[PDB]
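I have placed the structure first, in the form of structure tokens, so that the comments after it can refer back to it.
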Amino acid sequence: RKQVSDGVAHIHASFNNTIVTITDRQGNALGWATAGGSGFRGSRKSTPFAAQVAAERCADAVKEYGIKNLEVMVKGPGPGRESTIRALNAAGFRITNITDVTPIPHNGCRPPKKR
RNA sequence: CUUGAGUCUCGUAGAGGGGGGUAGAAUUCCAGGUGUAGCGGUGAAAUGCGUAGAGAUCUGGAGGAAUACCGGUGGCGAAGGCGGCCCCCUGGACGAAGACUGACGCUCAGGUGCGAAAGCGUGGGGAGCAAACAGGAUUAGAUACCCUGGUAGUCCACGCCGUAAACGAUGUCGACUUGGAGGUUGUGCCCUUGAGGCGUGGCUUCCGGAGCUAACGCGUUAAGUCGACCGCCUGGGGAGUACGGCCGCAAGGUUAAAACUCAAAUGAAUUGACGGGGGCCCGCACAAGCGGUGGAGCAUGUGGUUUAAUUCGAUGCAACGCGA
């Protein structure tokens, strides 16, 4: 519909999934593609190649507006989830900055018990 | 009488305590938009939540709990314990100069108080987390593991209980006894002539001499040498149990045996066994080449089948052209 060319991307890299969304400087999301929606199940939805193809299928699906520059932040201790941003940048999008914004509390609440 | 003990002056540090405020980050929910087909989870799936529309990104609100970084066997406190910031009140410790009272000191059976967590009662609160419980799969049993929700409870106020590896496994107080390396905190002097050095105080960490000890180990903060007082022990199991007493609303707490059974139970240290590890070395063990067996026939041995007998002996690496 329009042209932005200055956006910001958010990747929720869960320990067993991967979500990616892009918005434009204000919070209004445009497109999203889950790595769990392209035939991937089991542990395949947790591999770096899954992140690669998710980055590809989210980059091609947002070309209706033609974004070039991008802001990007890392969230969640997703194993091997820098391949997705490397691929997004390799797809012709000049990334500006990277930063890990995983939420850290101040001993606010009690985390669930582990095995 | 002033050395022990205590009071006053001047200052220091400290998550010391009680009460009330307030702050930001995170999680939960709600309202308002973006926005589309899954979210979630395991090792795979499933239960659960999704098309009047979810999971992800912005604005605001509502409530509860806790204060990442400084953060460190750092600090304080009799112990339990204490961690955002500020304010009101308060306790304790220590250092410097003096001044003052005059033995006013230590310990303490009964007695009283404080005392982690869990637990109970009344009245509120209840975000996240989380004993039982329900649901899902695996199943001639599932009632163990994992996964999604969740009640007590974790919070507040007033009442209870008074137990723990409440550990420094080391009761309190005083004196004498060679050292080294740190942390923390005052203060005196000399020339503070950059955070100078020297001695002098307090609390705290590690090594180690004599000595003590069964050894491990302790070692000026003694488990060394003594003094004053209190508590506790007389083989293991039965058993911190029964019967009573006291306390408690209840669960229970405290004091606390005997019958019976065994010949030990136990602490330290030694010497080896441990089973995969890691790293360090050799060998036709491999890498590189050549010649071979497993394809055909023959010889030969063994095992099986058979026969009246197929004589006996060898059972992988160490046996099968072995005793022969």
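The way I read the labels, and the way they are meant: chains A, B, ... in the order of the structure tokens, residue 1 as the first residue of every chain, and ligand 1 as the first ligand shown, with later ones counted on from there.
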
Using only C-alpha atoms (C1' of nucleotides), find the residues of chain A whose closest atom to chain B is at most 9 Å away, then write them as a PyMOL selection string.
-> chain A and resi 10-12+16+19-23+26-32+34+36-37+42-43+103-113

Pick out the residues sitting within 8 Å of residue 99 (chain A), and hand them over as a VMD selection string; count only C-alpha atoms (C1' of nucleotides), and ignore anything fewer than 6 positions along from it in its own chain.
-> chain A and resid 72 to 74

Please identify all polymer residues within 10 Å of region 119-122 of chain B, counting only C-alpha atoms (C1' of nucleotides), omitting same-chain residues fewer than 4 positions from it, and present them as a VMD selection string.
-> chain B and resid 158 to 161 249 to 251

Output the selection as a PDB file, in the first residue's frame - C-alpha atoms (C1' of nucleotides) for each residue.
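Printed below is selection.pdb as written:
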```pdb
ATOM      1  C1'   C B 158      -4.754 -10.063  65.540  1.00  0.00           C
ATOM      2  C1'   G B 159      -4.175 -14.846  68.002  1.00  0.00           C
ATOM      3  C1'   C B 160      -1.608 -19.525  68.577  1.00  0.00           C
ATOM      4  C1'   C B 161       2.864 -23.991  68.160  1.00  0.00           C
ATOM      5  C1'   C B 249      -8.531 -25.528  70.125  1.00  0.00           C
ATOM      6  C1'   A B 250      -6.400 -29.637  67.306  1.00  0.00           C
ATOM      7  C1'   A B 251      -1.990 -31.632  64.948  1.00  0.00           C
TER       8        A B 251
END
```

Mind checking which residues fall within 9 Å of residue 46 (chain B), counting only C-alpha atoms (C1' of nucleotides), ignoring those fewer than 4 positions away in the same chain, and posting them as a PDB file with C-alpha atoms (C1' of nucleotides), in the first residue's frame?
```pdb
ATOM      1  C1'   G B 136      -4.359 -36.458  27.967  1.00  0.00           C
ATOM      2  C1'   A B 137      -1.286 -40.371  25.854  1.00  0.00           C
ATOM      3  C1'   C B 147       2.567 -31.730  29.520  1.00  0.00           C
TER       4        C B 147
END
```

Strand (DSSP E or B) residues, from DSSP on the backbone, in region 16-89 of chain A, as a PDB file with C-alpha atoms, in the first residue's frame:
```
ATOM      1  CA  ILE A  19       8.200 -16.011  15.634  1.00  0.00           C
ATOM      2  CA  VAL A  20       9.170 -12.991  13.522  1.00  0.00           C
ATOM      3  CA  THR A  21       7.282  -9.721  12.969  1.00  0.00           C
ATOM      4  CA  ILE A  22       8.044  -6.388  11.291  1.00  0.00           C
ATOM      5  CA  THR A  23       6.529  -2.991  12.087  1.00  0.00           C
ATOM      6  CA  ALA A  29       2.722  -4.649  12.580  1.00  0.00           C
ATOM      7  CA  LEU A  30       2.664  -5.553   8.888  1.00  0.00           C
ATOM      8  CA  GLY A  31       3.581  -9.205   8.367  1.00  0.00           C
ATOM      9  CA  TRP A  32       4.532 -12.315  10.291  1.00  0.00           C
ATOM     10  CA  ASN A  69      16.441  -0.442   6.136  1.00  0.00           C
ATOM     11  CA  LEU A  70      15.548  -2.380   9.254  1.00  0.00           C
ATOM     12  CA  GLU A  71      15.937  -2.285  13.016  1.00  0.00           C
ATOM     13  CA  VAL A  72      16.201  -5.678  14.689  1.00  0.00           C
ATOM     14  CA  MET A  73      16.220  -6.981  18.260  1.00  0.00           C
ATOM     15  CA  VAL A  74      16.838 -10.434  19.710  1.00  0.00           C
ATOM     16  CA  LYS A  75      14.427 -11.973  22.221  1.00  0.00           C
TER      17      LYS A  75
END
```

Neighbours of residue 219 (chain B) within 10 Å (only C-alpha atoms (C1' of nucleotides); same-chain residues fewer than 2 positions away dropped), as a ChimeraX atom specification?
-> /B:208-212,217,222-224

Since we have the selection now, will you write its residues out, keeping N, CA, C and O atoms (P, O5', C5', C4', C3', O3' and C1' of nucleotides), as a PDB file, in the first residue's frame?
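Final file, part.pdb:
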```pdb
ATOM      1  P     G B 208      48.773 -25.447  56.988  1.00  0.00           P
ATOM      2  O5'   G B 208      49.937 -25.037  57.996  1.00  0.00           O
ATOM      3  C5'   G B 208      51.307 -25.158  57.631  1.00  0.00           C
ATOM      4  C4'   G B 208      52.182 -24.260  58.473  1.00  0.00           C
ATOM      5  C3'   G B 208      52.290 -24.621  59.948  1.00  0.00           C
ATOM      6  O3'   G B 208      53.260 -25.621  60.210  1.00  0.00           O
ATOM      7  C1'   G B 208      51.766 -22.335  59.749  1.00  0.00           C
ATOM      8  P     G B 209      53.267 -26.391  61.620  1.00  0.00           P
ATOM      9  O5'   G B 209      54.186 -25.487  62.559  1.00  0.00           O
ATOM     10  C5'   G B 209      55.576 -25.350  62.302  1.00  0.00           C
ATOM     11  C4'   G B 209      56.317 -24.760  63.478  1.00  0.00           C
ATOM     12  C3'   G B 209      56.126 -25.454  64.818  1.00  0.00           C
ATOM     13  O3'   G B 209      56.934 -26.610  64.959  1.00  0.00           O
ATOM     14  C1'   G B 209      55.926 -23.114  65.101  1.00  0.00           C
ATOM     15  P     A B 210      56.384 -27.894  65.753  1.00  0.00           P
ATOM     16  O5'   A B 210      56.403 -27.443  67.280  1.00  0.00           O
ATOM     17  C5'   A B 210      57.628 -27.287  67.979  1.00  0.00           C
ATOM     18  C4'   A B 210      57.424 -26.609  69.310  1.00  0.00           C
ATOM     19  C3'   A B 210      56.534 -27.344  70.303  1.00  0.00           C
ATOM     20  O3'   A B 210      57.225 -28.351  71.021  1.00  0.00           O
ATOM     21  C1'   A B 210      55.866 -25.084  70.176  1.00  0.00           C
ATOM     22  P     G B 211      56.585 -29.816  71.191  1.00  0.00           P
ATOM     23  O5'   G B 211      55.187 -29.551  71.908  1.00  0.00           O
ATOM     24  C5'   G B 211      55.124 -29.015  73.223  1.00  0.00           C
ATOM     25  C4'   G B 211      53.736 -28.521  73.543  1.00  0.00           C
ATOM     26  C3'   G B 211      52.626 -29.553  73.426  1.00  0.00           C
ATOM     27  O3'   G B 211      52.514 -30.368  74.579  1.00  0.00           O
ATOM     28  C1'   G B 211      51.983 -27.583  72.295  1.00  0.00           C
ATOM     29  P     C B 212      52.134 -31.922  74.437  1.00  0.00           P
ATOM     30  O5'   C B 212      50.579 -31.902  74.098  1.00  0.00           O
ATOM     31  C5'   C B 212      49.649 -31.317  74.995  1.00  0.00           C
ATOM     32  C4'   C B 212      48.288 -31.175  74.365  1.00  0.00           C
ATOM     33  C3'   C B 212      47.711 -32.432  73.737  1.00  0.00           C
ATOM     34  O3'   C B 212      47.133 -33.309  74.687  1.00  0.00           O
ATOM     35  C1'   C B 212      47.435 -30.612  72.256  1.00  0.00           C
ATOM     36  P     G B 217      43.762 -32.394  57.548  1.00  0.00           P
ATOM     37  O5'   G B 217      42.637 -31.626  58.373  1.00  0.00           O
ATOM     38  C5'   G B 217      42.903 -30.374  58.983  1.00  0.00           C
ATOM     39  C4'   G B 217      42.351 -30.320  60.385  1.00  0.00           C
ATOM     40  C3'   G B 217      42.739 -29.098  61.203  1.00  0.00           C
ATOM     41  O3'   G B 217      41.900 -27.988  60.935  1.00  0.00           O
ATOM     42  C1'   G B 217      43.038 -31.065  62.496  1.00  0.00           C
ATOM     43  P     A B 222      39.898 -18.497  70.856  1.00  0.00           P
ATOM     44  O5'   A B 222      41.128 -19.349  70.311  1.00  0.00           O
ATOM     45  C5'   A B 222      40.961 -20.251  69.224  1.00  0.00           C
ATOM     46  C4'   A B 222      41.298 -21.670  69.612  1.00  0.00           C
ATOM     47  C3'   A B 222      40.963 -22.057  71.056  1.00  0.00           C
ATOM     48  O3'   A B 222      40.478 -23.399  71.093  1.00  0.00           O
ATOM     49  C1'   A B 222      43.250 -22.458  70.631  1.00  0.00           C
ATOM     50  P     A B 223      38.898 -23.681  71.184  1.00  0.00           P
ATOM     51  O5'   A B 223      38.788 -25.265  71.314  1.00  0.00           O
ATOM     52  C5'   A B 223      39.048 -25.923  72.551  1.00  0.00           C
ATOM     53  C4'   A B 223      39.953 -27.118  72.369  1.00  0.00           C
ATOM     54  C3'   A B 223      41.402 -26.787  72.029  1.00  0.00           C
ATOM     55  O3'   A B 223      42.256 -27.798  72.563  1.00  0.00           O
ATOM     56  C1'   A B 223      40.431 -28.002  70.245  1.00  0.00           C
ATOM     57  P     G B 224      42.918 -27.615  74.016  1.00  0.00           P
ATOM     58  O5'   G B 224      44.315 -26.912  73.719  1.00  0.00           O
ATOM     59  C5'   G B 224      45.437 -27.667  73.286  1.00  0.00           C
ATOM     60  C4'   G B 224      46.724 -27.079  73.805  1.00  0.00           C
ATOM     61  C3'   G B 224      46.788 -26.865  75.309  1.00  0.00           C
ATOM     62  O3'   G B 224      47.189 -28.042  75.987  1.00  0.00           O
ATOM     63  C1'   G B 224      47.579 -24.931  74.166  1.00  0.00           C
TER      64        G B 224
END
```

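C1' of residue 203 (chain B) sits 25.1 Å away from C1' of residue 189 (chain B).
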
In Å to one decimal, how far is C1' of residue 323 (chain B) from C1' of residue 305 (chain B)?
->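 It comes out at 26.7 Å.
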
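Minimum distance to residue 55 (chain A) across A:24, A:100, A:6, A:82 (counting only C-alpha atoms) occurs at A:82.
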
Which residues in region 2-115 of chain A does DSSP call alpha helix (DSSP H)? List them as a VMD selection string.
-> chain A and resid 48 to 59 83 to 90

Those same residues - C-alpha atoms - I'd like them written as a tab-separated table (two decimals), in the first residue's frame.
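Writing the result to again33.tsv gives the following:
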```
chain	number	residue	atom	x	y	z
A	48	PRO	CA	18.90	-22.66	12.34
A	49	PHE	CA	17.84	-23.62	8.81
A	50	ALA	CA	14.23	-23.29	9.98
A	51	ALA	CA	15.13	-19.76	11.06
A	52	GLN	CA	16.69	-19.18	7.62
A	53	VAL	CA	13.57	-20.24	5.73
A	54	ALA	CA	11.34	-18.34	8.18
A	55	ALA	CA	13.37	-15.19	7.52
A	56	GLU	CA	13.01	-15.81	3.78
A	57	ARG	CA	9.24	-16.41	3.93
A	58	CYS	CA	8.80	-13.29	6.07
A	59	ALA	CA	11.02	-11.15	3.83
A	83	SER	CA	21.24	-17.14	11.21
A	84	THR	CA	17.78	-15.63	10.75
A	85	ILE	CA	19.00	-12.03	11.03
A	86	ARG	CA	22.07	-12.85	8.92
A	87	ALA	CA	19.72	-14.17	6.23
A	88	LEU	CA	17.35	-11.20	6.52
A	89	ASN	CA	20.30	-8.84	6.01
A	90	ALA	CA	21.62	-11.00	3.17
```

Provide the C1' of residue 322 (chain B) to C1' of residue 308 (chain B) distance in Å, to one decimal place.
->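 Separation between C1' of residue 322 (chain B) and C1' of residue 308 (chain B): 29.4 Å.
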
If we count only C-alpha atoms (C1' of nucleotides), what is near region 235-238 of chain B at a cut-off of 12 Å, once residues fewer than 3 positions away on the same chain are taken out, given as number ranges by chain?
-> B: 241-242, 257-266
